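Take a look at this single chain in structure tokens; it is the form whose entry title says "closed state".
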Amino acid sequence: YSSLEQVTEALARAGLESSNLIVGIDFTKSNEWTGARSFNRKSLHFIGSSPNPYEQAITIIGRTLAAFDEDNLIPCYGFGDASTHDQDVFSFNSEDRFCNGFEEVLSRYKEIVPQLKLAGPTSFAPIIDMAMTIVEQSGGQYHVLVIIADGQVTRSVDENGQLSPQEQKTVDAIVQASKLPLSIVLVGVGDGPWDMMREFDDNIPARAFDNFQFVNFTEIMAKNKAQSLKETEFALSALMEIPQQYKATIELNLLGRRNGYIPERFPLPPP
């Protein structure tokens, strides 16, 4: 495809209807160096006059999905900074006020970044748990959770086939989320590594439907072709499987139904 528009129309013809976007941003301290090869020895969270990789990912995906929400309200969270670590997420806005389209996700982000202290370690359990509450409170409406991160879930130290506590909770959160009408997209930005990644998806337990997808933003953005086509490939690789998961949610009677056993997660305020 040559534009995001062709991608947008491709989701639409594949059966995609109303879809609410949720964004979670990685604020781990590794973002200082993971831009070594991929972002010219700059911090991934560097704010200049060019968009950094988080800003690019947000822009491309927010644009491709803008058509599927009338109000474009995007619940927007950070995690991995000093206030949250691997335990919580924080709202971009006070009182967990959702963002107005990706453009307010973008502007609000740049305001927030230089007021953080990047921390760690890395778990996606809190952001996934957060998106589950939002889905449940929405009354079972279809959501796409897009997680944008610069590394895989923290594994401190135990080859002999055991899971780190972060891995365990993340994998638990992914499986548990398959009970809801929700698609989870992990976007990998920066140098990574992202090698051990679809061997990770190999150890996610069986689910009613395949609610999880990893996409490597860096890898795509590195190929030798027009900026447009890189952007199209990323949008498509990120989202090509979401219509099929949306249908899955219908055939399992998840949509429009409330689950009843989803604990209410609360977001820390923006720092």
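Here the rigid core means the biggest group of C-alpha atoms that line up within 1.5 Å when the two forms are laid on top of each other. From 1 onward, residues are counted along the sequence shown.
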**OP:** Using the PDB record, quantify the missing residues of the deposited sequence between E111 and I112 as none, 1 to 3, 4 to 9, or 10 or more.
**Re:** none
Subject >> Residue range whose averaged C-alpha B-factor is higher in the record, 169-177 or 195-203 >> reply: 195-203
Original post:
Averaged over C-alpha atoms, is the B-factor higher for 20-28 or for 258-266 in this PDB entry?
Top reply: 258-266
**OP:** Could you say which of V215, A67, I58, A208 has its CA atom at the highest B factor, as listed in the PDB entry?
**Re:** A208
**OP:** Divide the modelled residues of the chain into thirds by Cα B-factor and specify which third, lowest, middle or highest, holds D71.
**Re:** middle
**OP:** Taking the chain's C-alpha temperature factors as the reference, tell me which third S156 falls into: lowest, middle or highest.
**Re:** highest
Original post:
Which third of the chain holds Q227 when residues are ordered by C-alpha B factor: lowest, middle or highest?
Top reply: highest
Subject >> Chain thirds of CA B-factor: placement of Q162 >> reply: highest
Original post:
According to the PDB entry, is the CA B factor of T34 in the bottom, middle or top third of its chain, that is, lowest, middle or highest?
Top reply: lowest
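The form whose entry title says "open state" is left out here; the points below concern that form.
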Original post:
When you overlay the rigid core, is the Cα of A10 off by 2 Å or more between the shown form and the other one?
Top reply: yes
Original post:
Cα of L118 displaced 2 Å or more between the shown form and the other one, core superposed?
Top reply: no
Subject >> Core superposition between the shown form and the other one, C-alpha change of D69 at least 2 Å >> reply: yes
Original post:
Hey, the CA atoms of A226 and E9 end up closer or farther in the other form than in the shown form, with the change being 3 Å or more?
Top reply: farther
**OP:** Report the direction of the Cα distance change between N203 and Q168 in the other form, compared with the displayed form, as closer or farther; the change is 3 Å or more.
**Re:** farther
